[PDB]
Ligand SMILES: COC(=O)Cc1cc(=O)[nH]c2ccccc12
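First comes one chain, alone, set out as structure tokens in the form solved without the ligand.
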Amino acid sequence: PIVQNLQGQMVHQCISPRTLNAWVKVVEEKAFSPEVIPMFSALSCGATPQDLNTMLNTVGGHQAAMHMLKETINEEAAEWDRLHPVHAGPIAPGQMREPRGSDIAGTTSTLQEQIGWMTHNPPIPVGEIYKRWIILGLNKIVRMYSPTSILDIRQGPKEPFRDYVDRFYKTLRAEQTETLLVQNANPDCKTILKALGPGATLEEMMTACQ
């Protein structure tokens, strides 16, 4: 990643074995559960495009998703080129060439070039631009691999309300509220929840159906 030292300047640091192993392990254990995306974002803190490609390419398996990810990345890279066509001309001594979409995705740009953009004044945050592309594609994978629709999350006749709400928002998070939660509750709790009236908090709702 590009990180500030203990003297105040942004320089490059090698991606750590702990970071590499942590990303691989969470994919092995959680696949594309929704909470994997913020883990990817945190573990790729300050990452260059090279670091982002490293993390994606160390994933063995799930290659259908990884190739969907590449298609989304190329879609965003082409949009970036439509909005930022580069102007031919010699690069001045204190400057960096404008990046193309494939430069931001780390496929046609060098590490020194990525360091140059990210540490520029003002910086061109090609790592953060690329990461937003990756997260966009990762979220589309989470939705597509989401097995259950929110319409099929219904409280059992003897299921504790807390467990039902857990499943409800787990499903809703992957699918990407308060009235549907009432409608899919069981007859006994739905009766209690209507007596509460509109505008009840989740805490009030869960308290009433305990």
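The numbering used is simple: start at 1 and walk along the sequence shown.
Colleague: According to the entry, how many residues of the deposited sequence fall between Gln176 and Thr177 and are not modelled? Options: none, 1 to 3, 4 to 9, 10 or more.
Modeller: Some 4 to 9 residues are missing between them.
Colleague: Mean CA temperature factor from the deposited coordinates, higher in 181-189 or in 49-57?
Modeller: So the stretch with the higher mean C-alpha B-factor is 181-189.
Colleague: Do the C-alpha atoms of 124-132 or of 90-98 have the higher average B factor in the entry?
Modeller: Averaged over C-alpha atoms, the B-factors run higher in 90-98.
Colleague: Using only the C-alpha B-factors in the record, can you name which of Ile73, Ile104, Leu83, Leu138 has the highest?
Modeller: Within the set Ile73, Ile104, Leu83, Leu138, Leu83 shows the top C-alpha B-factor.
Colleague: Please say which third, lowest, middle or highest, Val165 falls into when its CA temperature factor is compared across its chain.
Modeller: It belongs to the lowest third of the chain when residues are ordered by C-alpha B-factor.
Colleague: Taking the entry's C-alpha B-factors for this chain, is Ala31 in the lowest, middle or highest third?
Modeller: Highest third - that is where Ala31 ends up once the chain's C-alpha B-factors are sorted.
Colleague: Determine, from the deposited record, the chain-internal third of the Cα B-factor for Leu151: lowest, middle or highest.
Modeller: Ranked within chain, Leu151 CA B lands in the middle tercile.
Colleague: Among the modelled residues of its chain, does the C-alpha B-factor of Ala22 lie in the lowest, middle or highest third?
Modeller: Tercile = lowest for this residue's CA B-factor.
Colleague: Using the B-factors in the PDB entry, rank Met144's C-alpha atom against the chain and give the third, lowest, middle or highest.
Modeller: Ranked within chain, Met144 CA B lands in the highest tercile.
Below, we refer to the form deposited with the ligand bound, which is not included among the displayed structures.
Colleague: Quick one: does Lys70 come within 4.5 Å of the ligand in the bound PDB entry, counting heavy atoms only?
Modeller: Close contact exists here: in the bound PDB entry, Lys70 approaches the ligand to within 4.5 Å, heavy atoms only.
Colleague: With the partner left out here, check for me: in the bound PDB entry, does some heavy atom of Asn57 sit within 4.5 Å of the ligand?
Modeller: It does: once the ligand is placed as it appears in the bound PDB entry, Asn57 has a heavy atom within 4.5 Å of it.
Colleague: Is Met118 close enough to the ligand in the bound PDB entry to count, meaning some heavy atom within 4.5 Å?
Modeller: Output for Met118 is no: heavy atoms all beyond 4.5 Å of the ligand.
Colleague: With the cut-off set at 4.5 Å between non-hydrogen atoms, does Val26 touch the ligand in the bound PDB entry?
Modeller: Looking in the bound PDB entry, residue contacts with the ligand do not include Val26, since no heavy atom lies within 4.5 Å.
Colleague: Looking at the ligand in the bound PDB entry, do all three of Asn53, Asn74 and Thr107 come within 4.5 Å of it through at least one heavy atom?
Modeller: Every residue of the spot touches the ligand in the bound PDB entry.
Colleague: Please tell me which of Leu43, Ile153, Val142, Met66 lies within 4.5 Å of the ligand in the bound PDB entry, judged by heavy atoms.
Modeller: That would be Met66.
Colleague: Suppose contact means any heavy atom within 4.5 Å; which members of 135-161 contact the ligand in the bound PDB entry?
Modeller: If the 4.5 Å heavy-atom criterion is applied to the ligand in the bound PDB entry, 135-161 yields nothing.
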